[PDB]
Amino acid sequence: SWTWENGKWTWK
């Protein structure tokens, strides 16, 4: 899935 962190979308 997609996780949003500190202004950045990551796959985890």
# chains A, B, ... in the order shown; residues from 1 in each chain; ligands from 1
>>> select_by_dssp(residues="chain A", states="strand (DSSP E or B)", output="ChimeraX atom specification")
/A:2-5,8-11
>>> write_last_selection(atoms="N, CA and C atoms", output="mmCIF file, in the first residue's frame")
data_model
loop_
_atom_site.group_PDB
_atom_site.id
_atom_site.type_symbol
_atom_site.label_atom_id
_atom_site.label_comp_id
_atom_site.auth_asym_id
_atom_site.auth_seq_id
_atom_site.Cartn_x
_atom_site.Cartn_y
_atom_site.Cartn_z
ATOM 1 N N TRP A 2 0.205 2.412 0.022
ATOM 2 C CA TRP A 2 0.903 3.691 0.017
ATOM 3 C C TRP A 2 0.789 4.384 1.370
ATOM 4 N N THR A 3 1.924 4.834 1.888
ATOM 5 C CA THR A 3 1.965 5.526 3.167
ATOM 6 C C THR A 3 2.575 6.911 2.990
ATOM 7 N N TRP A 4 1.886 7.928 3.491
ATOM 8 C CA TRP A 4 2.364 9.295 3.374
ATOM 9 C C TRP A 4 3.165 9.677 4.618
ATOM 10 N N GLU A 5 4.382 10.176 4.410
ATOM 11 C CA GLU A 5 5.243 10.554 5.527
ATOM 12 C C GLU A 5 6.050 11.821 5.245
ATOM 13 N N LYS A 8 5.864 12.901 1.797
ATOM 14 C CA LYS A 8 6.291 11.965 0.762
ATOM 15 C C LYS A 8 5.538 10.638 0.836
ATOM 16 N N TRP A 9 5.021 10.203 -0.311
ATOM 17 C CA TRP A 9 4.289 8.942 -0.407
ATOM 18 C C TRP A 9 5.265 7.777 -0.567
ATOM 19 N N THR A 10 5.141 6.774 0.296
ATOM 20 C CA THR A 10 6.021 5.610 0.242
ATOM 21 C C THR A 10 5.215 4.315 0.196
ATOM 22 N N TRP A 11 5.775 3.292 -0.441
ATOM 23 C CA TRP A 11 5.101 2.003 -0.549
ATOM 24 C C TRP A 11 5.502 1.093 0.604
#
